[PDB]
Structures are given as structure tokens and as C-alpha cells.
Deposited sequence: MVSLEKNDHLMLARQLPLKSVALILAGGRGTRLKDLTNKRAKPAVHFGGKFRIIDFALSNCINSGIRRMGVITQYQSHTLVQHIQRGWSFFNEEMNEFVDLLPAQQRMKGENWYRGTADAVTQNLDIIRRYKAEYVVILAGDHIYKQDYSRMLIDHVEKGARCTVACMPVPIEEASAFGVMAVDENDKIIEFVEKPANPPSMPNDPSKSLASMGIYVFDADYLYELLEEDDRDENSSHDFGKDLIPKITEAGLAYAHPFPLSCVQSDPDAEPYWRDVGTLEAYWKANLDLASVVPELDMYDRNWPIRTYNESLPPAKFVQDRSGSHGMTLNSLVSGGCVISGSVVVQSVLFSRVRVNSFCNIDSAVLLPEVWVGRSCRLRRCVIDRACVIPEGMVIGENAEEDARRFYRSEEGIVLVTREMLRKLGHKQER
């Protein structure tokens, strides 16, 4: 008794929000992937932080390394609501990175982390969209009596090449850890699945420092948490597994756990339109596990009449507050804040990131419009293949990405 409460308090989170998401290719080109928008108003680092709040861990470390001014701004504006006097804060560590990343990146700020005097460090990732409690994870880490606890999940074998694959024992003890294998070794029972890592580790902190120095001296290591550190603990035999279904926060218990690594642009589009469906897989209307963001004041989403006095028919949409839609059939889309949309437009299966200004008679289909574009009048997008692969970036699955640069290069005056 009195364990699940006293475990977060003695613990501190380290969010590794220094990813780039190179497979998004342009969407994270001007922003760190953790600062990528998602789900109407939120960002991808609003999940990994919220999970720390609602699990009790109010001491967070946001390691913003690569191309992070908007991430600093978001963490400053929305998440600076802490009274440090009671040992709660989201400490915004800049990395000043020297390749040689994420676990050297916890090592550069090793002299700041120590001064928290924490017993259990949570090594998170801030580029994933999950919904988990770590208070149920730390209990499971301390009961087993391990030094490190990896959060693993069974994923398909065709995409398990991109995650850290592992094999566990009866008591969830790591025997064999391999990382990004070309041939993912399946689980013993199911051949179509592999028990892969999620990037959510938990160390007992006095080990962790004690480990990161042995690797800091190491000149032959990659200095990654999944390539030369956990494959070292695994040989030591002190690494245990924590099956993710035990701690995933679900609204209904009859569904598979929801952990989406955004990763690429088509998966971003899928995982951001699944909220616009009838019954979403991610329940954002939850009140026993809410997710916080930088709540900005916008006016209500305005729906006015078109230029001819007609009406706008919005089906399976996710129009957010602040927009102004004039007529314009809007299907299966997700309109972020301030997305003006003028008349006679047909928007189907689109993700319009904030402040996108769509001109008259525009027919957008299966696309992702980047922030603060000015789409001209009469521009069809997504109802052509060879012509949408030449101006904008069309992916292998049909998805289009419209950036504020691709429109400038065509000459459509994005200055506004």
C-alpha cells in the first residue's frame, strides 16, 4: 500500500522531443516533429506530456534539440502553469546537439537531471500518439524488481522492421533484443506479429546515470537508447518487459490498444482523419483522462452562406473553432484553427493545418495542406495523379502534401 502514489512523486519524465520524422519529408521540415499539429487543436507533444500529468509525474524534461522554436513557444505558453515550489515543472532542456543522438542527448544534460534527485527516470518519446498511464507502469516496474522496464507491444511483422524487436520470458524478462532488423523475428506463438519496443522506457535512475557514463566513455557506440544501451542491459539480464495492454488507457475495453507512430505522411493522414470518423479509435472526449494543449481564444466556427445564397453541407467533418466556411461541401476533413474556406469548394478527405486560406471554387481531395498557405482560386488538387506528383509532393499511397514553398515556387503569393 501507498506505492502507486509515492512512485510518480519520486520519478521524473524525460521526453525525447528531438525527432525530425524524416519520412514526413516536408511537414516537419520547418518544425520539430513533436510540434506537428494533430487532431484539430493539439500537438504531438501534448500527448506525451498529458500522460505525464494524469499519471502523477509532474516533473518533466523536454529535450528540444533540433530546429525547435515553436516547440519552445508551445511549452512556454500552454504548459507553463506549474508551481515549482511543490516540485512540479516541465523543465525545457535545450540539447545543443554536437548522428550521436537521443542517449548522448540525455547525457549532455546529465548534470541538470541529477539535481532533481529522482529515483525512477521515465525515458519517453514525444513523436508518438498513444494514451497511457505510467503510474500503472512504475508499479509494474518496481514489483518485478528490475533496473529497466521496456514498454513493448505486438505489432505486424511487415512494419516491425522499424522498431526494436524483443523476446520475453514467462516473467517478462528480456532474453534477446534486436533493433531495426531487416528480418523481424516473430513471436513464438503468433508468426505474423512481432513483440516490438515502443520507445517508452523506465530506468531506476541511479543505474541510469551509472550506465550513461559507461557509454559516454565508449568511443565505439552509437549513443542511442535502442542500439548500444538496451542491447547492453539485455546482456546484463536486468531488462524486463511491460506489455502495453496492461496500462493503455481505453474508453472501452473491447478494442486493440492505440499507439500510432505517425512516422510517414500517409499514416499521419490516416491517424488524423480517424478522429473525423463516426466512432474514433482515439477518444478525445474523455473526462477521466483528458489531454491538454495551448488553449487559444478563437471565435466559434462560423458557417455562412455562399456568394449565391446557398448552404454548406459538412459530412463526417471536424471543423474546429475559429474557422469561416462559406457554403462549400466539406467531406471527411479536419479543419484546424482559422481555416478560412471561400465558396464553391469541394474538400474531401483533407487535413487543413491552421490558417489555410482556400480560394474560390477549389476542389481539394486526399491532401494535407501545410500551415498558413494561400491556395489560389480554381486550383484542383487530388483529382489528378500525374499533375499532382509534379507541383506538390504526392506519396506512394496517393496522399498529397501542400507546403507554403511549393505554392510560392508556382507563383501564388503566399505572403499574407
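The deposited chain is incompletely modelled, with C-alpha atoms absent over 1-9, 108-113.
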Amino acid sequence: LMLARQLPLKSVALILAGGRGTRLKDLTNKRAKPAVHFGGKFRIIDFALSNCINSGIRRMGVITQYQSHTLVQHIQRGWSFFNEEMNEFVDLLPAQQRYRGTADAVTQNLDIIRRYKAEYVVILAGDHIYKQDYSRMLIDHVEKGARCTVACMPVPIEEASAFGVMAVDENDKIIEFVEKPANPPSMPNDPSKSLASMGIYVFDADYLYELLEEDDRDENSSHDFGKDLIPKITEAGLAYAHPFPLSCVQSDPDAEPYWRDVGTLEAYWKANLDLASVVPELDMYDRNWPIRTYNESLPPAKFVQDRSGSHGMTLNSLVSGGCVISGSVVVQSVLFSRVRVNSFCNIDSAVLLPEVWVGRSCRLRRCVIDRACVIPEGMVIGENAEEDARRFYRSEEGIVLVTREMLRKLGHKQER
From here on, numbers count along this sequence of modelled residues.
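So that the term is clear: the rigid core is the largest set of C-alpha atoms that superpose within 1.5 Å between two forms.
Taken in 5 other deposited structures of this protein and fitted on the core, 67-75 and 295-303 differ in how far their Cα atoms move from the shown form, and the one that moves more is 67-75.
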